[PDB]
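Asks: Below is a structure I'd like to ask you about.
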Amino acid sequence: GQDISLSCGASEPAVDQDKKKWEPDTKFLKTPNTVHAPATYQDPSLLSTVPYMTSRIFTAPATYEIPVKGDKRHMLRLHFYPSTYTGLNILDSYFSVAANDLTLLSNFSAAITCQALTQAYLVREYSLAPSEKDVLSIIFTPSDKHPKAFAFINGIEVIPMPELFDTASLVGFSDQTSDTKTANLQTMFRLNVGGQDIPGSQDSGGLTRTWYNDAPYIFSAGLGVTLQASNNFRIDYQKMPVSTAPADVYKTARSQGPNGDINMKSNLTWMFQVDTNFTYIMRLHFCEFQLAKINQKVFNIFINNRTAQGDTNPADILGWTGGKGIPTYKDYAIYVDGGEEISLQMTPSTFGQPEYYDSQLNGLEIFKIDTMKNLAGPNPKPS
């Protein structure tokens with residue numbers, strides 16, 4: 001399962017700043033006579049000019065056909081650098097993107113989205129379920145509600161991946177689960193909690209995911225205390241696929257800290273802006289690398305003010321895991337419908353008389369589940 005990493009509009013292969021090789025999109029583009037254009041401004045915040053400084057421009061629909069193994073899951077990454085191309089006004093760009101019959105983006109403004117997020121460029125990442133097709137069709141359609149609309153695209157990646165999704169616990173419900181193995185997903189957030197950014201070249205599974213530090217998403221007054229294991233500390237994955245997350249995610253964590261009393265007076269809280277009217281999977285990654293005994297660190301987990309792990313079954317990482325240095329994760333599903341936020345909160349539990357009063361999280365991923373063959377949300381509005 002080799003990657004296909006296309007720099008759209010490029011004239012030759014090139015390597016980016018993180019050792020990833022990109023090839024031009026031309027051989028996979030089925031639509032003739034489309035415009036390729038360089039960006040005429042290079043933002044200093046770009047980590048590389050590859051693939052961002054070259055684009056395709058579409059004023060009518062255009063289709064890519066990329067060979068895939070139809071029994072395999074694939075990550076799809078769309079790369080957008082809103083800039084000036086062949087004299088066009090980037091604010092006029094509104095378009096949809098489909099993967100086969102799945103709508104990914106609709107009425108999408110890369111420029112307004114970048115403005116709202118204070119970003120120079122955007123990556124939109126999806127995990128596409130096995131399709132039973134030998135070809136992935138990626139279709140770009142300029143908005144027919146905007147007379148001046150065009151579509152653009154700077155990079156497209158198709159990355160074969162393992163079946164990393166299985167089951168999620170339904171947050172509103174006592175003991176109910178749902179199946180996610182055949183879901184189509186949008187990656188909303190991917191955090192190395194308590195740890196450094198991890199570039200794609202250091203990701204596990206050859207999946208070149210980027211894992212971001214979590215501090216910008218903390219919204220409680222206290223930031224807790226970060227925990228770090230030695231770089232030589234061994235994560236013993238056992239049955240968990242190493243492609244789930246790289247070891248440096250499990251070797252770092254955010255906890256509440258050494259004063260159990262202050263910990264019980266607070267929730268460690270993260271907050272995320274998402275799109276309303278979707279079910280989301282919250283994948284919480286855990287690894288205890290300090291304590292060695294069950295019922296030492298025992299905590300409640302709340303998602304959108306509902307108990308995800310609590311009451312008489314609070315979280316105990318070593319209770320789940322059986323050992324120091326063994327990683328795990330738990331998926332929780334929440335339907336969101338002011339309907340545009342997910343909150344994650346942790347605080348110690350008093351159930352069972354734990355030796356300490358603390359909580360901990362090592363990593364976090366948030367995924368949107370497709371509804372009605374659509375993943376598209378509105379553009380964020382800048383403030």
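Following the order of the structure tokens, first chain is A, next is B, and so on, with residues numbered from 1 inside each chain and ligands from 1 in the order they appear.
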As a ChimeraX atom specification, please: all residues of region 162-344 of chain A that backbone DSSP puts in alpha helix (DSSP H).
Replies: /A:247-250,260-264,317-321
Asks: Hey, can you spit out that residue selection with C-alpha atoms as a PDB file, in the first residue's frame?
Replies:
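Resulting contents of selection-v7.pdb:
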```pdb
ATOM      1  CA  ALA A 247       4.988   5.963  20.962  1.00  0.00           C
ATOM      2  CA  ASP A 248       5.718   9.633  21.697  1.00  0.00           C
ATOM      3  CA  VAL A 249       1.977  10.226  22.072  1.00  0.00           C
ATOM      4  CA  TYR A 250       1.818   7.627  24.846  1.00  0.00           C
ATOM      5  CA  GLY A 260      -5.605  16.117  44.916  1.00  0.00           C
ATOM      6  CA  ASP A 261      -7.681  18.762  46.686  1.00  0.00           C
ATOM      7  CA  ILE A 262      -7.222  21.412  43.990  1.00  0.00           C
ATOM      8  CA  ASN A 263      -7.777  18.681  41.379  1.00  0.00           C
ATOM      9  CA  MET A 264     -11.168  17.808  42.868  1.00  0.00           C
ATOM     10  CA  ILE A 317      -5.821   3.531  32.974  1.00  0.00           C
ATOM     11  CA  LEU A 318      -4.087   0.620  34.681  1.00  0.00           C
ATOM     12  CA  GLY A 319      -7.489  -1.007  35.202  1.00  0.00           C
ATOM     13  CA  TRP A 320      -8.022  -0.996  31.430  1.00  0.00           C
ATOM     14  CA  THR A 321      -4.467  -1.759  30.509  1.00  0.00           C
TER      15      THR A 321
END
```
Asks: May I have a table of the residues of region 189-266 of chain A lying at most 10 Å from region 282-293 of chain A, giving each one's closest pair of atoms and their distance in Å to one decimal, counting only C-alpha atoms, ordered by chain and ascending residue number, as a tab-separated table?
Replies:
```
residue	atom	partner	partner_atom	distance
A:189	CA	A:282	CA	9.5
A:190	CA	A:283	CA	9.4
A:191	CA	A:285	CA	9.7
A:192	CA	A:285	CA	9.1
A:193	CA	A:285	CA	8.8
A:227	CA	A:290	CA	8.6
A:228	CA	A:289	CA	8.4
A:229	CA	A:289	CA	6.6
A:230	CA	A:289	CA	9.6
A:233	CA	A:289	CA	8.3
A:234	CA	A:289	CA	9.3
A:235	CA	A:287	CA	8.4
A:236	CA	A:287	CA	9.9
A:244	CA	A:285	CA	9.5
A:245	CA	A:285	CA	8.5
A:247	CA	A:287	CA	9.8
A:249	CA	A:285	CA	8.1
A:250	CA	A:287	CA	5.4
A:251	CA	A:289	CA	7.2
A:252	CA	A:287	CA	8.5
A:253	CA	A:286	CA	8.1
```
Asks: Taking N, CA and C atoms for each residue, export the selection above as an mmCIF file, in the first residue's frame.
Replies:
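Writing done, so here's again.cif:
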```
data_model
loop_
_atom_site.group_PDB
_atom_site.id
_atom_site.type_symbol
_atom_site.label_atom_id
_atom_site.label_comp_id
_atom_site.auth_asym_id
_atom_site.auth_seq_id
_atom_site.Cartn_x
_atom_site.Cartn_y
_atom_site.Cartn_z
ATOM 1 N N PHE A 189 -9.655 17.046 14.776
ATOM 2 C CA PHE A 189 -8.509 17.427 15.599
ATOM 3 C C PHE A 189 -7.684 16.188 15.893
ATOM 4 N N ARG A 190 -6.370 16.378 16.011
ATOM 5 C CA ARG A 190 -5.461 15.276 16.333
ATOM 6 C C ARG A 190 -4.362 15.844 17.219
ATOM 7 N N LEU A 191 -4.403 15.512 18.511
ATOM 8 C CA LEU A 191 -3.559 16.150 19.516
ATOM 9 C C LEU A 191 -2.653 15.140 20.195
ATOM 10 N N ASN A 192 -1.380 15.509 20.342
ATOM 11 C CA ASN A 192 -0.482 14.856 21.296
ATOM 12 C C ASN A 192 -0.641 15.613 22.605
ATOM 13 N N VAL A 193 -1.443 15.067 23.512
ATOM 14 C CA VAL A 193 -1.769 15.790 24.734
ATOM 15 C C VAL A 193 -0.556 15.806 25.654
ATOM 16 N N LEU A 227 3.342 15.493 31.982
ATOM 17 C CA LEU A 227 4.119 14.352 32.377
ATOM 18 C C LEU A 227 4.844 13.815 31.139
ATOM 19 N N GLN A 228 6.103 13.467 31.323
ATOM 20 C CA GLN A 228 6.880 12.982 30.241
ATOM 21 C C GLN A 228 7.724 11.824 30.675
ATOM 22 N N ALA A 229 7.698 10.741 29.929
ATOM 23 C CA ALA A 229 8.555 9.633 30.239
ATOM 24 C C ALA A 229 9.886 9.832 29.520
ATOM 25 N N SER A 230 10.878 9.085 29.926
ATOM 26 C CA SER A 230 12.157 9.133 29.237
ATOM 27 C C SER A 230 11.997 8.680 27.780
ATOM 28 N N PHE A 233 11.979 5.020 27.554
ATOM 29 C CA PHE A 233 10.895 4.237 28.139
ATOM 30 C C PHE A 233 10.159 3.492 27.037
ATOM 31 N N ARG A 234 9.907 2.197 27.251
ATOM 32 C CA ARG A 234 9.340 1.329 26.217
ATOM 33 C C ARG A 234 7.821 1.278 26.319
ATOM 34 N N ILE A 235 7.137 1.653 25.240
ATOM 35 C CA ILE A 235 5.700 1.423 25.144
ATOM 36 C C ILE A 235 5.465 0.011 24.615
ATOM 37 N N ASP A 236 4.750 -0.807 25.391
ATOM 38 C CA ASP A 236 4.477 -2.207 25.046
ATOM 39 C C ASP A 236 3.061 -2.300 24.479
ATOM 40 N N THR A 244 -1.867 2.730 15.438
ATOM 41 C CA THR A 244 -2.882 3.505 16.146
ATOM 42 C C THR A 244 -2.375 4.894 16.489
ATOM 43 N N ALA A 245 -1.171 4.974 17.014
ATOM 44 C CA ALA A 245 -0.561 6.244 17.389
ATOM 45 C C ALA A 245 0.907 5.980 17.702
ATOM 46 N N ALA A 247 4.670 6.119 19.546
ATOM 47 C CA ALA A 247 4.988 5.963 20.962
ATOM 48 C C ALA A 247 5.092 7.300 21.687
ATOM 49 N N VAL A 249 3.271 9.821 21.534
ATOM 50 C CA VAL A 249 1.977 10.226 22.072
ATOM 51 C C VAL A 249 1.764 9.600 23.444
ATOM 52 N N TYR A 250 2.055 8.300 23.577
ATOM 53 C CA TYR A 250 1.818 7.627 24.846
ATOM 54 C C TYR A 250 2.867 7.974 25.890
ATOM 55 N N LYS A 251 4.043 8.448 25.472
ATOM 56 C CA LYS A 251 5.099 8.796 26.421
ATOM 57 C C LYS A 251 4.938 10.191 27.011
ATOM 58 N N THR A 252 3.873 10.913 26.664
ATOM 59 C CA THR A 252 3.618 12.231 27.235
ATOM 60 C C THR A 252 2.143 12.338 27.575
ATOM 61 N N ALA A 253 1.845 13.142 28.593
ATOM 62 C CA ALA A 253 0.456 13.268 29.009
ATOM 63 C C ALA A 253 0.244 14.598 29.706
#
```
Asks: Quote the spacing between CA of residue 181 (chain A) and CA of residue 340 (chain A) in Å to one decimal place.
Replies: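 Taking CA of residue 181 (chain A) and CA of residue 340 (chain A), their separation equals 25.5 Å.
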Asks: May I have a table of the residues of region 211-311 of chain A lying at most 10 Å from region 343-351 of chain A, giving each one's closest pair of atoms and their distance in Å to one decimal, counting only C-alpha atoms, ordered by chain and ascending residue number, as a tab-separated table?
Replies:
```
residue	atom	partner	partner_atom	distance
A:217	CA	A:343	CA	9.7
A:218	CA	A:344	CA	9.4
A:219	CA	A:343	CA	9.1
A:220	CA	A:345	CA	9.0
A:255	CA	A:346	CA	9.2
A:256	CA	A:347	CA	7.9
A:260	CA	A:348	CA	7.9
A:261	CA	A:348	CA	9.5
A:263	CA	A:347	CA	6.6
A:264	CA	A:348	CA	5.8
A:265	CA	A:347	CA	8.2
A:266	CA	A:347	CA	6.5
A:267	CA	A:347	CA	4.9
A:268	CA	A:346	CA	5.1
A:269	CA	A:345	CA	4.5
A:270	CA	A:344	CA	5.2
A:271	CA	A:343	CA	4.5
A:272	CA	A:343	CA	6.4
A:273	CA	A:343	CA	9.0
A:282	CA	A:344	CA	9.1
A:284	CA	A:344	CA	10.0
A:295	CA	A:351	CA	9.7
A:297	CA	A:348	CA	7.8
A:298	CA	A:349	CA	5.7
A:299	CA	A:348	CA	4.0
A:300	CA	A:347	CA	5.6
A:301	CA	A:346	CA	4.8
A:302	CA	A:345	CA	5.0
A:303	CA	A:344	CA	4.8
A:304	CA	A:343	CA	4.9
A:305	CA	A:343	CA	7.4
A:306	CA	A:345	CA	9.6
A:307	CA	A:345	CA	9.5
A:308	CA	A:344	CA	9.5
A:309	CA	A:346	CA	9.5
A:310	CA	A:349	CA	7.6
A:311	CA	A:351	CA	7.5
```
Asks: Return the single residue from A:206, A:339, A:258, A:241 that is closest to residue 224 (chain A), with distances computed using only C-alpha atoms.
Replies: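 Closest residue, counting only C-alpha atoms: A:258.
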Asks: Out of A:185, A:221, A:161, A:104, which residue has the shortest atom-to-atom distance to residue 1 (chain A) when counting only C-alpha atoms?
Replies: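 Going through A:185, A:221, A:161, A:104 one by one, the smallest distance to residue 1 (chain A) is for A:161.
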Asks: Taking only C-alpha atoms into account, which of A:194, A:61, A:327, A:222 comes nearest residue 246 (chain A)?
Replies: A:327
Asks: Hey, what's within 9 Å of residue 82 (chain A) if we count only C-alpha atoms and toss same-chain stuff fewer than 4 positions away? As a PyMOL selection string, please?
Replies: chain A and resi 39+90-91+109-111+114+120-122+152
Asks: How many Å lie between CA of residue 361 (chain A) and CA of residue 341 (chain A), rounded to one decimal?
Replies: 19.6 Å
Asks: Between A:35, A:57, A:75, A:138, which one has atoms that come closest to residue 101 (chain A), using only C-alpha atoms?
Replies: A:138
Asks: Please compute the CA of residue 281 (chain A)-CA of residue 168 (chain A) distance, one decimal, in Å.
Replies: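 Interatomic distance, CA of residue 281 (chain A) to CA of residue 168 (chain A): 7.1 Å.
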Asks: Neighbouring residues of residue 81 (chain A) were defined as those with any atom within 12 Å, considering only C-alpha atoms; residues of the same chain fewer than 4 positions away were excluded. Please report them as an MDAnalysis selection string.
Replies: chainID A and resid 7:8 38:43 45:56 85 90 93 109:115 119:124 151:155
Asks: Of the candidates A:76, A:342, A:195, A:62, which shows the shortest atom-to-atom distance to residue 254 (chain A), using only C-alpha atoms?
Replies: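 Looking at the shortest contact to residue 254 (chain A), the residue is A:195.
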Asks: List as a Markdown table every residue of region 260-336 of chain A that is in contact with region 370-379 of chain A, defined as an atom at most 12 Å from one of its atoms (using only C-alpha atoms), together with the nearest atom pair and the distance in Å rounded to one decimal, sorted by chain and then rising number.
Replies:
```
| residue | atom | partner | partner_atom | distance |
| --- | --- | --- | --- | --- |
| A:273 | CA | A:377 | CA | 11.6 |
| A:274 | CA | A:377 | CA | 8.6 |
| A:275 | CA | A:377 | CA | 5.6 |
| A:276 | CA | A:377 | CA | 7.7 |
| A:277 | CA | A:371 | CA | 8.8 |
| A:278 | CA | A:371 | CA | 6.9 |
| A:279 | CA | A:370 | CA | 7.9 |
| A:280 | CA | A:370 | CA | 9.1 |
| A:281 | CA | A:370 | CA | 11.0 |
| A:335 | CA | A:371 | CA | 11.2 |
```
Asks: Would you mind exporting C-alpha atoms of the selected residues as a PDB file, in the first residue's frame?
Replies:
```pdb
ATOM      1  CA  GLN A 273     -15.364  24.092  17.518  1.00  0.00           C
ATOM      2  CA  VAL A 274     -17.100  21.595  15.232  1.00  0.00           C
ATOM      3  CA  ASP A 275     -19.978  21.442  12.763  1.00  0.00           C
ATOM      4  CA  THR A 276     -23.502  20.925  14.059  1.00  0.00           C
ATOM      5  CA  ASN A 277     -25.766  17.953  13.209  1.00  0.00           C
ATOM      6  CA  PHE A 278     -23.081  15.257  13.098  1.00  0.00           C
ATOM      7  CA  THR A 279     -22.063  12.383  15.335  1.00  0.00           C
ATOM      8  CA  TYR A 280     -18.417  12.642  16.372  1.00  0.00           C
ATOM      9  CA  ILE A 281     -16.007   9.986  17.670  1.00  0.00           C
ATOM     10  CA  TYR A 335     -24.200  13.590  18.554  1.00  0.00           C
TER      11      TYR A 335
END
```
Asks: Can you work out which one of A:243, A:226, A:103, A:238 has the shortest atom-to-atom distance to residue 139 (chain A), counting only C-alpha atoms?
Replies: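 When distances to residue 139 (chain A) are compared using only C-alpha atoms, the smallest one comes from A:103.
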Asks: DSSP on the backbone, then: every residue of region 169-304 of chain A marked strand (DSSP E or B), written as a PDB file with N, CA and C atoms, in the first residue's frame.
Replies:
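Generated output (selection_7.pdb):
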```pdb
ATOM      1  N   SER A 169     -18.380   3.916  22.380  1.00  0.00           N
ATOM      2  CA  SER A 169     -19.339   3.975  23.476  1.00  0.00           C
ATOM      3  C   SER A 169     -20.243   5.196  23.295  1.00  0.00           C
ATOM      4  N   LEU A 170     -21.558   4.991  23.349  1.00  0.00           N
ATOM      5  CA  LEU A 170     -22.492   6.098  23.150  1.00  0.00           C
ATOM      6  C   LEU A 170     -22.610   6.912  24.434  1.00  0.00           C
ATOM      7  N   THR A 177     -23.080   0.547  22.697  1.00  0.00           N
ATOM      8  CA  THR A 177     -21.987   0.791  21.771  1.00  0.00           C
ATOM      9  C   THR A 177     -22.522   0.836  20.348  1.00  0.00           C
ATOM     10  N   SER A 178     -21.724   1.413  19.457  1.00  0.00           N
ATOM     11  CA  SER A 178     -22.038   1.426  18.038  1.00  0.00           C
ATOM     12  C   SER A 178     -20.817   0.966  17.254  1.00  0.00           C
ATOM     13  N   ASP A 179     -21.068   0.505  16.026  1.00  0.00           N
ATOM     14  CA  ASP A 179     -20.016   0.011  15.146  1.00  0.00           C
ATOM     15  C   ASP A 179     -19.557   1.141  14.237  1.00  0.00           C
ATOM     16  N   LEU A 185     -14.996   9.101   7.630  1.00  0.00           N
ATOM     17  CA  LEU A 185     -14.686  10.045   8.693  1.00  0.00           C
ATOM     18  C   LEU A 185     -13.986  11.277   8.144  1.00  0.00           C
ATOM     19  N   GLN A 186     -14.188  12.394   8.834  1.00  0.00           N
ATOM     20  CA  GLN A 186     -13.367  13.586   8.679  1.00  0.00           C
ATOM     21  C   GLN A 186     -12.575  13.782   9.958  1.00  0.00           C
ATOM     22  N   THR A 187     -11.269  13.956   9.834  1.00  0.00           N
ATOM     23  CA  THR A 187     -10.472  14.277  11.007  1.00  0.00           C
ATOM     24  C   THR A 187     -10.698  15.731  11.402  1.00  0.00           C
ATOM     25  N   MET A 188     -11.170  15.949  12.622  1.00  0.00           N
ATOM     26  CA  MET A 188     -11.405  17.310  13.094  1.00  0.00           C
ATOM     27  C   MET A 188     -10.194  17.847  13.854  1.00  0.00           C
ATOM     28  N   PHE A 189      -9.655  17.046  14.776  1.00  0.00           N
ATOM     29  CA  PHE A 189      -8.509  17.427  15.599  1.00  0.00           C
ATOM     30  C   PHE A 189      -7.684  16.188  15.893  1.00  0.00           C
ATOM     31  N   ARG A 190      -6.370  16.378  16.011  1.00  0.00           N
ATOM     32  CA  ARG A 190      -5.461  15.276  16.333  1.00  0.00           C
ATOM     33  C   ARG A 190      -4.362  15.844  17.219  1.00  0.00           C
ATOM     34  N   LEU A 191      -4.403  15.512  18.511  1.00  0.00           N
ATOM     35  CA  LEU A 191      -3.559  16.150  19.516  1.00  0.00           C
ATOM     36  C   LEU A 191      -2.653  15.140  20.195  1.00  0.00           C
ATOM     37  N   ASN A 192      -1.380  15.509  20.342  1.00  0.00           N
ATOM     38  CA  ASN A 192      -0.482  14.856  21.296  1.00  0.00           C
ATOM     39  C   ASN A 192      -0.641  15.613  22.605  1.00  0.00           C
ATOM     40  N   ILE A 198       4.176  16.335  16.643  1.00  0.00           N
ATOM     41  CA  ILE A 198       4.810  15.211  15.969  1.00  0.00           C
ATOM     42  C   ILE A 198       4.588  15.380  14.467  1.00  0.00           C
ATOM     43  N   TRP A 211       0.530  15.232  14.660  1.00  0.00           N
ATOM     44  CA  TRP A 211      -0.088  15.296  15.979  1.00  0.00           C
ATOM     45  C   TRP A 211       0.297  16.621  16.619  1.00  0.00           C
ATOM     46  N   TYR A 212      -0.684  17.392  17.073  1.00  0.00           N
ATOM     47  CA  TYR A 212      -0.412  18.746  17.549  1.00  0.00           C
ATOM     48  C   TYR A 212      -0.498  18.836  19.068  1.00  0.00           C
ATOM     49  N   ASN A 213       0.358  19.669  19.665  1.00  0.00           N
ATOM     50  CA  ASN A 213       0.219  19.921  21.092  1.00  0.00           C
ATOM     51  C   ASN A 213      -1.187  20.435  21.401  1.00  0.00           C
ATOM     52  N   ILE A 218      -7.061  24.106  25.590  1.00  0.00           N
ATOM     53  CA  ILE A 218      -7.413  24.073  27.005  1.00  0.00           C
ATOM     54  C   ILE A 218      -8.219  25.317  27.329  1.00  0.00           C
ATOM     55  N   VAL A 225      -0.554  19.773  34.739  1.00  0.00           N
ATOM     56  CA  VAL A 225       0.886  19.552  34.702  1.00  0.00           C
ATOM     57  C   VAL A 225       1.179  18.480  33.662  1.00  0.00           C
ATOM     58  N   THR A 226       2.141  18.727  32.812  1.00  0.00           N
ATOM     59  CA  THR A 226       2.529  17.742  31.834  1.00  0.00           C
ATOM     60  C   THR A 226       3.510  16.722  32.421  1.00  0.00           C
ATOM     61  N   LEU A 227       3.342  15.493  31.982  1.00  0.00           N
ATOM     62  CA  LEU A 227       4.119  14.352  32.377  1.00  0.00           C
ATOM     63  C   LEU A 227       4.844  13.815  31.139  1.00  0.00           C
ATOM     64  N   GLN A 228       6.103  13.467  31.323  1.00  0.00           N
ATOM     65  CA  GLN A 228       6.880  12.982  30.241  1.00  0.00           C
ATOM     66  C   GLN A 228       7.724  11.824  30.675  1.00  0.00           C
ATOM     67  N   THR A 252       3.873  10.913  26.664  1.00  0.00           N
ATOM     68  CA  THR A 252       3.618  12.231  27.235  1.00  0.00           C
ATOM     69  C   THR A 252       2.143  12.338  27.575  1.00  0.00           C
ATOM     70  N   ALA A 253       1.845  13.142  28.593  1.00  0.00           N
ATOM     71  CA  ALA A 253       0.456  13.268  29.009  1.00  0.00           C
ATOM     72  C   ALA A 253       0.244  14.598  29.706  1.00  0.00           C
ATOM     73  N   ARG A 254      -1.018  14.993  29.784  1.00  0.00           N
ATOM     74  CA  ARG A 254      -1.427  16.102  30.634  1.00  0.00           C
ATOM     75  C   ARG A 254      -2.233  15.547  31.799  1.00  0.00           C
ATOM     76  N   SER A 255      -1.829  15.899  33.013  1.00  0.00           N
ATOM     77  CA  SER A 255      -2.538  15.486  34.209  1.00  0.00           C
ATOM     78  C   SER A 255      -2.997  16.731  34.949  1.00  0.00           C
ATOM     79  N   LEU A 268     -10.282  19.636  34.412  1.00  0.00           N
ATOM     80  CA  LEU A 268      -9.393  19.902  33.287  1.00  0.00           C
ATOM     81  C   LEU A 268     -10.238  19.874  32.018  1.00  0.00           C
ATOM     82  N   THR A 269     -10.250  20.973  31.257  1.00  0.00           N
ATOM     83  CA  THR A 269     -11.253  21.164  30.210  1.00  0.00           C
ATOM     84  C   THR A 269     -10.616  21.571  28.888  1.00  0.00           C
ATOM     85  N   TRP A 270     -10.942  20.836  27.829  1.00  0.00           N
ATOM     86  CA  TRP A 270     -10.646  21.234  26.462  1.00  0.00           C
ATOM     87  C   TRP A 270     -11.943  21.566  25.736  1.00  0.00           C
ATOM     88  N   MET A 271     -11.867  22.475  24.768  1.00  0.00           N
ATOM     89  CA  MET A 271     -13.038  22.883  24.006  1.00  0.00           C
ATOM     90  C   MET A 271     -12.697  22.937  22.527  1.00  0.00           C
ATOM     91  N   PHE A 272     -13.621  22.448  21.682  1.00  0.00           N
ATOM     92  CA  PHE A 272     -13.398  22.341  20.245  1.00  0.00           C
ATOM     93  C   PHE A 272     -14.596  22.863  19.478  1.00  0.00           C
ATOM     94  N   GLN A 273     -14.327  23.663  18.447  1.00  0.00           N
ATOM     95  CA  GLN A 273     -15.364  24.092  17.518  1.00  0.00           C
ATOM     96  C   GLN A 273     -15.540  23.033  16.442  1.00  0.00           C
ATOM     97  N   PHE A 278     -23.861  16.446  13.393  1.00  0.00           N
ATOM     98  CA  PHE A 278     -23.081  15.257  13.098  1.00  0.00           C
ATOM     99  C   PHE A 278     -22.799  14.505  14.388  1.00  0.00           C
ATOM    100  N   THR A 279     -22.625  13.193  14.265  1.00  0.00           N
ATOM    101  CA  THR A 279     -22.063  12.383  15.335  1.00  0.00           C
ATOM    102  C   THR A 279     -20.552  12.432  15.205  1.00  0.00           C
ATOM    103  N   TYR A 280     -19.873  12.619  16.331  1.00  0.00           N
ATOM    104  CA  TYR A 280     -18.417  12.642  16.372  1.00  0.00           C
ATOM    105  C   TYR A 280     -17.908  11.501  17.237  1.00  0.00           C
ATOM    106  N   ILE A 281     -16.755  10.929  16.845  1.00  0.00           N
ATOM    107  CA  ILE A 281     -16.007   9.986  17.670  1.00  0.00           C
ATOM    108  C   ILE A 281     -14.915  10.766  18.381  1.00  0.00           C
ATOM    109  N   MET A 282     -14.881  10.668  19.708  1.00  0.00           N
ATOM    110  CA  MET A 282     -13.782  11.187  20.523  1.00  0.00           C
ATOM    111  C   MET A 282     -12.915   9.990  20.907  1.00  0.00           C
ATOM    112  N   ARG A 283     -11.697   9.920  20.351  1.00  0.00           N
ATOM    113  CA  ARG A 283     -10.751   8.856  20.670  1.00  0.00           C
ATOM    114  C   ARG A 283      -9.785   9.414  21.702  1.00  0.00           C
ATOM    115  N   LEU A 284      -9.895   8.927  22.936  1.00  0.00           N
ATOM    116  CA  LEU A 284      -9.017   9.323  24.029  1.00  0.00           C
ATOM    117  C   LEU A 284      -7.912   8.286  24.180  1.00  0.00           C
ATOM    118  N   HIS A 285      -6.655   8.717  24.043  1.00  0.00           N
ATOM    119  CA  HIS A 285      -5.499   7.831  24.134  1.00  0.00           C
ATOM    120  C   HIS A 285      -4.900   7.919  25.532  1.00  0.00           C
ATOM    121  N   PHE A 286      -4.528   6.763  26.098  1.00  0.00           N
ATOM    122  CA  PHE A 286      -4.065   6.664  27.481  1.00  0.00           C
ATOM    123  C   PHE A 286      -2.861   5.741  27.596  1.00  0.00           C
ATOM    124  N   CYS A 287      -1.938   6.100  28.491  1.00  0.00           N
ATOM    125  CA  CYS A 287      -0.843   5.204  28.859  1.00  0.00           C
ATOM    126  C   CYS A 287      -0.319   5.677  30.200  1.00  0.00           C
ATOM    127  N   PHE A 299     -10.556   8.549  37.571  1.00  0.00           N
ATOM    128  CA  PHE A 299     -11.140   9.845  37.244  1.00  0.00           C
ATOM    129  C   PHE A 299     -12.397   9.697  36.398  1.00  0.00           C
ATOM    130  N   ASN A 300     -13.218  10.742  36.446  1.00  0.00           N
ATOM    131  CA  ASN A 300     -14.422  10.864  35.637  1.00  0.00           C
ATOM    132  C   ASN A 300     -14.115  11.622  34.351  1.00  0.00           C
ATOM    133  N   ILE A 301     -14.807  11.246  33.283  1.00  0.00           N
ATOM    134  CA  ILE A 301     -14.663  11.898  31.990  1.00  0.00           C
ATOM    135  C   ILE A 301     -16.036  12.362  31.540  1.00  0.00           C
ATOM    136  N   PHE A 302     -16.155  13.652  31.233  1.00  0.00           N
ATOM    137  CA  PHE A 302     -17.396  14.233  30.744  1.00  0.00           C
ATOM    138  C   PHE A 302     -17.200  14.763  29.330  1.00  0.00           C
ATOM    139  N   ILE A 303     -18.199  14.552  28.479  1.00  0.00           N
ATOM    140  CA  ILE A 303     -18.207  15.069  27.117  1.00  0.00           C
ATOM    141  C   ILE A 303     -19.520  15.815  26.919  1.00  0.00           C
TER     142      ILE A 303
END
```
Asks: Contacts of residue 24 (chain A) at 9 Å or less, counting only C-alpha atoms, minus same-chain residues fewer than 5 places along, as a PyMOL selection string?
Replies: chain A and resi 5-14
Asks: Could you write out that same residue set with C-alpha atoms as an mmCIF file, in the first residue's frame?
Replies:
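New file selection-v8.cif:
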```
data_model
loop_
_atom_site.group_PDB
_atom_site.id
_atom_site.type_symbol
_atom_site.label_atom_id
_atom_site.label_comp_id
_atom_site.auth_asym_id
_atom_site.auth_seq_id
_atom_site.Cartn_x
_atom_site.Cartn_y
_atom_site.Cartn_z
ATOM 1 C CA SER A 5 0.874 12.168 -3.030
ATOM 2 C CA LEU A 6 -0.013 14.597 -5.808
ATOM 3 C CA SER A 7 1.080 18.208 -6.044
ATOM 4 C CA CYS A 8 -1.664 19.616 -8.236
ATOM 5 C CA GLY A 9 -0.355 21.936 -10.953
ATOM 6 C CA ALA A 10 3.275 20.903 -10.430
ATOM 7 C CA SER A 11 5.570 20.322 -13.407
ATOM 8 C CA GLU A 12 8.051 17.954 -11.721
ATOM 9 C CA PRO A 13 8.313 15.742 -8.628
ATOM 10 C CA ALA A 14 9.604 17.424 -5.483
#
```
Asks: Would you kindly return, as an mmCIF file with N, CA and C atoms, in the first residue's frame, each protein, DNA or RNA residue with an atom no farther than 10 Å from any atom of residue 33 (chain A), considering only C-alpha atoms and excluding same-chain residues fewer than 3 positions away?
Replies:
```cif
data_model
loop_
_atom_site.group_PDB
_atom_site.id
_atom_site.type_symbol
_atom_site.label_atom_id
_atom_site.label_comp_id
_atom_site.auth_asym_id
_atom_site.auth_seq_id
_atom_site.Cartn_x
_atom_site.Cartn_y
_atom_site.Cartn_z
ATOM 1 N N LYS A 30 -8.522 13.365 -15.172
ATOM 2 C CA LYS A 30 -9.243 12.864 -16.337
ATOM 3 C C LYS A 30 -9.883 13.978 -17.153
ATOM 4 N N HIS A 36 -3.388 25.116 -14.809
ATOM 5 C CA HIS A 36 -2.449 25.000 -13.700
ATOM 6 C C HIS A 36 -1.792 26.355 -13.487
ATOM 7 N N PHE A 58 -10.177 25.254 -11.576
ATOM 8 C CA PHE A 58 -11.315 24.676 -12.287
ATOM 9 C C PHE A 58 -12.449 25.689 -12.327
ATOM 10 N N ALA A 62 -14.292 19.030 -12.633
ATOM 11 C CA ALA A 62 -13.117 18.271 -13.031
ATOM 12 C C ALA A 62 -13.004 17.050 -12.134
#
```
